[PDB]
Amino acid sequence: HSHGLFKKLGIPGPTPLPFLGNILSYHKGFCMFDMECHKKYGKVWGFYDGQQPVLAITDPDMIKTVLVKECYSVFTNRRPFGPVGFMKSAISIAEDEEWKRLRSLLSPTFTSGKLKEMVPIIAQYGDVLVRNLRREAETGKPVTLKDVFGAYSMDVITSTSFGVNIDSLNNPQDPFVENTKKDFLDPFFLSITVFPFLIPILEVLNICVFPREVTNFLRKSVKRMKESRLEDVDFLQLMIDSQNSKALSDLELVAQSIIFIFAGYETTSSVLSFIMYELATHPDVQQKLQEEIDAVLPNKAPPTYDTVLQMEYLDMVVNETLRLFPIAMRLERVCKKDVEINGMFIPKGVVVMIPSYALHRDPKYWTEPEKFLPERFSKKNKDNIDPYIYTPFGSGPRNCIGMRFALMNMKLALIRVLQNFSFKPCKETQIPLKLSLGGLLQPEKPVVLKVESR
Ligand code: HEM
Ligand SMILES: CC(C)(C)OC(=O)N[C@@H](CS[C@H](Cc1ccccc1)C(=O)NCc1cccnc1)Cc1ccccc1
């Protein structure tokens with residue numbers, strides 16, 4: 001069989017069913033299954049997504065070795081994913097030297113210096129956010145954060161990636177908003193894990209998990225802008241300026257544009273929802289932050305790149321949220337060679353997995369781990385936190401390239417919104433929040449809260 005491998009290496013795990021492997025155990029979802037396995041088996045364990053062996057690892061030295069020490073050499077790519085179509089060229093899907101080349105060609109886009117240049121742009125839609133929120137707070141109707149934050153995240157994306165400027169909550173039907181707004185335990189991807197041999201089938205059928213129509217709209221919408229700016233501060237331009245030299249192709253450039261939307265749309269919006277839920281169910285933290293924000297920005301002063309880094313309690317709130325809700329859930333690299341790391345034989349072809357969610361909630365590193373307690377990130381206690389236990393942006397050469405941009409994007413939305421409003425539970429607010437038993441880190445029920453004007 002293929003299912004004998006962990007039994008042979010003396011590695012414990014749950015016993016796999018033929019063909020299926022352990023996937024029925026995802027019925028309660030990745031994270032609950034990860035927690036269970038941690039408790040039941042210890043520091044290392046194995047399971048099978050279908051015939052695919054996955055070794056979980058939770059020792060910080062070993063995690064360091066995989067994520068940083070042996071990245072370029074051994075643990076370079078994520079778990080194969082498909083069908084992708086032309087998206088094979090997206091950085092996050094790309095493999096080995098094409099990844100190394102893409103990552104280089106795109107790293108200077110995400111510098112502090114280029115980020116500081118984008119703060120004015122990400123600020124103006126904080127204002128747009130307020131005015132849409134006020135229209136909902138002067139009419140004391142409970143608000144669904146995912147639509148209004150979704151509208152906001154969506155606003156920052158189009159602006160920061162193509163210079164297109166819209167109020168997606170208000171022009172929700174402009175052509176540029178439709179395509180762009182468009183789960184690994186849904187019927188489709190569970191089937192991909194049992195029948196991964198079916199991927200090269202869909203590839204030759206140009207069936208793509210990225211719908212073939214959105215990809216066509218932006219391939220052409222990009223080339224319109226490309227040739228309307230060429231010739232006559234955003235991500236697209238920064239990429240156009242890069243291929244003005246091994247340099248970035250034209251279809252390669254459309255693909256990265258798409259990964260950036262997918263990356264910062266549901267994530268920026270989802271995280272902000274998780275932070276407003278905790279702010280509302282912990283109103284002292286909410287007050288403590290409103291004070292810190294008014295002290296650095298008095299009279300509702302507009303935030304700047306520099307003032308944002310000045311805020312310590314703000315950063316603590318963000319970091320403690322991502323501890324409870326690390327939206328990647330897991331990190332993963334494919335072992336490309338027989339290797340021994342930190343005293344353990346890892347055979348070629350195993351997927352190596354770091355169960356972030358489960359370690360963020362591990363009582364052996366965290367006190368009262370399910371309690372929302374920002375103080376664990378105080379300049380006092382922030383030093384007692386293992387950066388290979390807390391990894392909401394991954395770690396090493398393949399960590400989240402957009403990390404600085406995402407923290408800034410979120411913090412700008414939070415500052416402007418707590419400058420103006422307070423957030424209180426409704427009776428229809430789900431307390432305590434229940435995580436989706438599905439395949440995405442998101443709430444069972446969408447977070448609804450009451451909004452009031454300061
Ligand atoms: C709060 C929001 C976000 C979180 C928590 C987050 C988290 C992550 C994590 C955990 C990874 C994988 C890291 C690893 O495997 O070690 C990742 C990868 C990535 N993220 Fe983010 N991310 C966020 C937002 C963004 C944004 C806004 C962008 C915008 C460009 C972005 C672009 C990427 C890319 C391109 C990768 C793949 C990097 C590579 O393989 O070279 N992400 N993110
Ligand atoms: C089947 C299996 C689970 C093994 O593989 C994958 O999920 N791998 C992805 C390709 S790695 C990359 C990193 C990533 C993936 C999934 C969750 C978090 C981070 C990616 O794509 N980040 C878009 C994005 C999201 C959040 C933060 N930053 C970036 C496929 C993909 C997902 C979503 C949009 C586009 C592509």
# chains A, B, ... in the order shown; residues from 1 in each chain; ligands from 1
>>> residues_around(residues="stretch 169-176 of chain A", least_positions_apart="4", cutoff="12 Å", atoms="only C-alpha atoms", output="ChimeraX atom specification")
/A:125,128-133,135,146-155,157-159,162-165,180-182,214,217-218,220-222
>>> write_last_selection(atoms="C-alpha atoms", output="PDB file, in the first residue's frame")
ATOM      1  CA  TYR A 125     -11.266  54.772   1.680  1.00  0.00           C
ATOM      2  CA  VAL A 128     -15.467  56.241   2.496  1.00  0.00           C
ATOM      3  CA  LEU A 129     -15.789  53.478   5.081  1.00  0.00           C
ATOM      4  CA  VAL A 130     -16.873  55.926   7.777  1.00  0.00           C
ATOM      5  CA  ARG A 131     -19.563  57.597   5.661  1.00  0.00           C
ATOM      6  CA  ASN A 132     -21.120  54.247   4.743  1.00  0.00           C
ATOM      7  CA  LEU A 133     -20.944  53.259   8.412  1.00  0.00           C
ATOM      8  CA  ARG A 135     -25.458  56.055   7.233  1.00  0.00           C
ATOM      9  CA  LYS A 146     -18.297  41.407   6.358  1.00  0.00           C
ATOM     10  CA  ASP A 147     -20.226  43.480   3.816  1.00  0.00           C
ATOM     11  CA  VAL A 148     -19.094  46.865   5.042  1.00  0.00           C
ATOM     12  CA  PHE A 149     -15.536  45.685   5.687  1.00  0.00           C
ATOM     13  CA  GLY A 150     -15.748  43.643   2.501  1.00  0.00           C
ATOM     14  CA  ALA A 151     -16.714  46.850   0.723  1.00  0.00           C
ATOM     15  CA  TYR A 152     -13.734  48.503   2.398  1.00  0.00           C
ATOM     16  CA  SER A 153     -11.171  45.764   1.692  1.00  0.00           C
ATOM     17  CA  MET A 154     -12.496  45.667  -1.874  1.00  0.00           C
ATOM     18  CA  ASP A 155     -12.048  49.445  -2.039  1.00  0.00           C
ATOM     19  CA  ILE A 157      -7.658  46.503  -3.352  1.00  0.00           C
ATOM     20  CA  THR A 158      -8.760  48.126  -6.635  1.00  0.00           C
ATOM     21  CA  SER A 159      -7.077  51.381  -5.644  1.00  0.00           C
ATOM     22  CA  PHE A 162      -4.842  49.275 -10.478  1.00  0.00           C
ATOM     23  CA  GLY A 163      -5.734  52.856  -9.524  1.00  0.00           C
ATOM     24  CA  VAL A 164      -9.439  52.110 -10.065  1.00  0.00           C
ATOM     25  CA  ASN A 165     -11.471  54.120  -7.564  1.00  0.00           C
ATOM     26  CA  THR A 180     -13.135  40.999  -8.721  1.00  0.00           C
ATOM     27  CA  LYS A 181     -15.413  40.001  -5.831  1.00  0.00           C
ATOM     28  CA  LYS A 182     -15.401  36.492  -7.313  1.00  0.00           C
ATOM     29  CA  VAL A 214     -13.082  36.483 -14.249  1.00  0.00           C
ATOM     30  CA  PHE A 217     -12.066  39.983 -17.731  1.00  0.00           C
ATOM     31  CA  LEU A 218      -8.906  41.061 -15.926  1.00  0.00           C
ATOM     32  CA  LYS A 220      -8.122  42.197 -20.865  1.00  0.00           C
ATOM     33  CA  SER A 221      -8.863  44.869 -18.224  1.00  0.00           C
ATOM     34  CA  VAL A 222      -5.174  44.891 -17.258  1.00  0.00           C
TER      35      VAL A 222
END
>>> residues_around(residues="stretch 340-354 of chain A", least_positions_apart="5", cutoff="9 Å", atoms="only C-alpha atoms", output="list in words")
residues 9, 52, 53, 54, 55, 56, 57, 58, 61, 62, 63, 65, 66, 70, 75, 78, 79, 329, 330, 331, 332, 333, 334, 335 and 359 of chain A
>>> select_by_dssp(residues="stretch 158-256 of chain A", states="helix (DSSP H, G or I)", output="PyMOL selection string")
chain A and resi 158-162+175-181+187-194+196-204+212-229+235-240+250-256
>>> residues_around(residues="residue A:400", least_positions_apart="6", cutoff="10 Å", atoms="only C-alpha atoms", output="PyMOL selection string")
chain A and resi 92+263+391-394+406
>>> residues_near_ligand(ligand="ligand 2", cutoff="10 Å", atoms="only C-alpha atoms and all ligand atoms", output="ChimeraX atom specification")
/A:49,77-82,84,87-88,90-94,183-185,189-190,192-193,209-210,256,258-268,326-334,351,353,392-394,398-403,406,439-441
>>> write_last_selection(atoms="C-alpha atoms", output="compact mmCIF listing (two decimals), in the first residue's frame")
# COMPACT_ATOMS: atom_id res chain seq x y z
CA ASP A 49 -5.24 13.09 2.73
CA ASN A 77 6.93 24.56 -2.45
CA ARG A 78 3.49 24.20 -1.04
CA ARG A 79 1.26 21.23 -1.58
CA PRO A 80 0.42 20.82 -5.30
CA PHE A 81 -2.80 22.51 -6.15
CA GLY A 82 -5.08 22.38 -9.17
CA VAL A 84 -4.91 26.22 -12.03
CA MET A 87 -2.39 30.67 -12.62
CA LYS A 88 0.54 28.20 -12.44
CA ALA A 90 1.18 33.01 -9.63
CA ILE A 91 3.93 33.43 -7.04
CA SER A 92 2.12 31.51 -4.34
CA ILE A 93 1.44 28.55 -6.62
CA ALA A 94 4.83 28.69 -8.38
CA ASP A 183 -13.19 26.04 0.73
CA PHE A 184 -11.10 22.83 0.74
CA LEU A 185 -13.82 20.68 2.38
CA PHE A 189 -11.79 19.73 -3.21
CA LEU A 190 -12.46 16.67 -1.06
CA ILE A 192 -9.54 16.43 -5.53
CA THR A 193 -7.83 14.78 -2.54
CA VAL A 209 -10.67 26.56 -10.11
CA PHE A 210 -10.14 30.23 -10.87
CA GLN A 256 0.16 38.09 -9.66
CA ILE A 258 -5.12 38.18 -9.27
CA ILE A 259 -3.30 36.50 -6.33
CA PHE A 260 -3.18 39.94 -4.64
CA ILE A 261 -6.93 40.43 -4.84
CA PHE A 262 -7.62 36.91 -3.55
CA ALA A 263 -5.01 37.42 -0.83
CA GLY A 264 -6.22 40.72 0.56
CA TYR A 265 -9.95 40.61 -0.01
CA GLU A 266 -11.45 37.87 2.11
CA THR A 267 -8.47 38.11 4.49
CA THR A 268 -8.40 41.84 5.21
CA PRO A 326 -4.86 32.49 12.12
CA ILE A 327 -6.65 32.49 8.77
CA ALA A 328 -4.13 30.20 7.02
CA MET A 329 -4.82 27.65 9.78
CA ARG A 330 -1.89 25.57 8.62
CA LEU A 331 1.47 26.03 7.01
CA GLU A 332 2.71 23.35 4.61
CA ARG A 333 5.79 22.52 2.50
CA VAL A 334 6.47 19.54 0.27
CA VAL A 351 3.73 16.94 2.86
CA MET A 353 2.51 20.60 7.96
CA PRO A 392 0.11 34.04 11.44
CA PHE A 393 2.14 35.03 8.35
CA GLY A 394 4.18 31.92 8.19
CA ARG A 398 8.11 31.73 1.84
CA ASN A 399 6.22 33.65 4.50
CA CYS A 400 3.44 36.08 3.62
CA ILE A 401 4.89 38.62 1.22
CA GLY A 402 2.02 41.00 1.90
CA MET A 403 2.38 40.96 5.66
CA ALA A 406 -1.94 43.79 5.47
CA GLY A 439 -12.81 24.61 5.40
CA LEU A 440 -12.26 28.32 5.87
CA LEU A 441 -11.40 30.11 9.05
>>> residues_around(residues="residue A:123", least_positions_apart="5", cutoff="9 Å", atoms="only C-alpha atoms", output="PyMOL selection string")
chain A and resi 118+156+302-304+409+412-413+416
>>> residues_around(residues="residue A:419", least_positions_apart="3", cutoff="7 Å", atoms="only C-alpha atoms", output="count of residues only")
4
>>> select_by_dssp(residues="stretch 237-381 of chain A", states="strand (DSSP E)", output="VMD selection string")
chain A and resid 331 to 335 339 to 341 344 to 346 351 to 354
>>> write_last_selection(atoms="N, CA, C and O atoms", output="PDB file, in the first residue's frame")
ATOM      1  N   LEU A 331       0.412  25.896   7.984  1.00  0.00           N
ATOM      2  CA  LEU A 331       1.474  26.025   7.006  1.00  0.00           C
ATOM      3  C   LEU A 331       1.899  24.631   6.535  1.00  0.00           C
ATOM      4  O   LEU A 331       1.724  23.632   7.231  1.00  0.00           O
ATOM      5  N   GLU A 332       2.486  24.583   5.346  1.00  0.00           N
ATOM      6  CA  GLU A 332       2.712  23.350   4.608  1.00  0.00           C
ATOM      7  C   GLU A 332       3.850  23.545   3.611  1.00  0.00           C
ATOM      8  O   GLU A 332       3.861  24.535   2.890  1.00  0.00           O
ATOM      9  N   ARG A 333       4.807  22.610   3.585  1.00  0.00           N
ATOM     10  CA  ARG A 333       5.793  22.522   2.502  1.00  0.00           C
ATOM     11  C   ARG A 333       5.917  21.077   2.057  1.00  0.00           C
ATOM     12  O   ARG A 333       5.730  20.159   2.860  1.00  0.00           O
ATOM     13  N   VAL A 334       6.208  20.874   0.775  1.00  0.00           N
ATOM     14  CA  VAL A 334       6.470  19.536   0.270  1.00  0.00           C
ATOM     15  C   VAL A 334       7.948  19.230   0.391  1.00  0.00           C
ATOM     16  O   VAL A 334       8.793  19.938  -0.176  1.00  0.00           O
ATOM     17  N   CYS A 335       8.243  18.144   1.100  1.00  0.00           N
ATOM     18  CA  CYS A 335       9.582  17.577   1.169  1.00  0.00           C
ATOM     19  C   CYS A 335      10.023  17.072  -0.197  1.00  0.00           C
ATOM     20  O   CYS A 335       9.469  16.084  -0.684  1.00  0.00           O
ATOM     21  N   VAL A 339      15.352  13.472   3.606  1.00  0.00           N
ATOM     22  CA  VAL A 339      16.142  14.299   4.508  1.00  0.00           C
ATOM     23  C   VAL A 339      15.954  13.808   5.930  1.00  0.00           C
ATOM     24  O   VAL A 339      14.999  13.097   6.250  1.00  0.00           O
ATOM     25  N   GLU A 340      16.911  14.177   6.776  1.00  0.00           N
ATOM     26  CA  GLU A 340      16.841  14.023   8.218  1.00  0.00           C
ATOM     27  C   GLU A 340      16.989  15.425   8.792  1.00  0.00           C
ATOM     28  O   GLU A 340      17.937  16.141   8.451  1.00  0.00           O
ATOM     29  N   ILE A 341      16.018  15.839   9.603  1.00  0.00           N
ATOM     30  CA  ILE A 341      16.013  17.149  10.248  1.00  0.00           C
ATOM     31  C   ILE A 341      15.736  16.950  11.735  1.00  0.00           C
ATOM     32  O   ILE A 341      14.770  16.270  12.109  1.00  0.00           O
ATOM     33  N   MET A 344      15.195  13.150  12.638  1.00  0.00           N
ATOM     34  CA  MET A 344      14.041  12.395  12.167  1.00  0.00           C
ATOM     35  C   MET A 344      14.089  12.193  10.661  1.00  0.00           C
ATOM     36  O   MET A 344      14.309  13.147   9.911  1.00  0.00           O
ATOM     37  N   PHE A 345      13.854  10.955  10.220  1.00  0.00           N
ATOM     38  CA  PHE A 345      13.881  10.650   8.797  1.00  0.00           C
ATOM     39  C   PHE A 345      12.569  11.068   8.152  1.00  0.00           C
ATOM     40  O   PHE A 345      11.498  10.564   8.517  1.00  0.00           O
ATOM     41  N   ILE A 346      12.656  11.967   7.175  1.00  0.00           N
ATOM     42  CA  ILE A 346      11.490  12.399   6.416  1.00  0.00           C
ATOM     43  C   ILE A 346      11.647  11.959   4.973  1.00  0.00           C
ATOM     44  O   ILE A 346      12.526  12.479   4.279  1.00  0.00           O
ATOM     45  N   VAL A 351       4.113  15.573   2.526  1.00  0.00           N
ATOM     46  CA  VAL A 351       3.735  16.940   2.860  1.00  0.00           C
ATOM     47  C   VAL A 351       4.016  17.148   4.345  1.00  0.00           C
ATOM     48  O   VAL A 351       3.578  16.354   5.187  1.00  0.00           O
ATOM     49  N   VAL A 352       4.813  18.170   4.663  1.00  0.00           N
ATOM     50  CA  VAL A 352       5.101  18.572   6.043  1.00  0.00           C
ATOM     51  C   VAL A 352       4.202  19.752   6.397  1.00  0.00           C
ATOM     52  O   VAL A 352       4.080  20.706   5.619  1.00  0.00           O
ATOM     53  N   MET A 353       3.584  19.698   7.575  1.00  0.00           N
ATOM     54  CA  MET A 353       2.506  20.603   7.963  1.00  0.00           C
ATOM     55  C   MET A 353       2.759  21.162   9.359  1.00  0.00           C
ATOM     56  O   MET A 353       3.119  20.413  10.274  1.00  0.00           O
ATOM     57  N   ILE A 354       2.537  22.458   9.531  1.00  0.00           N
ATOM     58  CA  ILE A 354       2.617  23.119  10.826  1.00  0.00           C
ATOM     59  C   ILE A 354       1.201  23.530  11.200  1.00  0.00           C
ATOM     60  O   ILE A 354       0.573  24.311  10.470  1.00  0.00           O
TER      61      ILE A 354
END
>>> atom_distance(atom1="atom CA of residue A:144", atom2="atom CA of residue A:431")
14.9 Å
>>> atom_distance(atom1="atom CA of residue A:234", atom2="atom 31 (C, counted along the ligand's line) of ligand 1")
14.9 Å
>>> residues_around(residues="residue A:3", least_positions_apart="5", cutoff="12 Å", atoms="only C-alpha atoms", output="ChimeraX atom specification")
/A:8-9,13-22,46-54,350
>>> closest_residue(among="A:86, A:325, A:41, A:188", to="ligand 1", atoms="only C-alpha atoms and all ligand atoms")
A:325
>>> closest_residue(among="A:382, A:337, A:424, A:404", to="ligand 1", atoms="only C-alpha atoms and all ligand atoms")
A:404
>>> closest_residue(among="A:44, A:443, A:254, A:425", to="residue A:237", atoms="only C-alpha atoms")
A:254
>>> closest_residue(among="A:405, A:366, A:197, A:26", to="ligand 1", atoms="only C-alpha atoms and all ligand atoms")
A:405
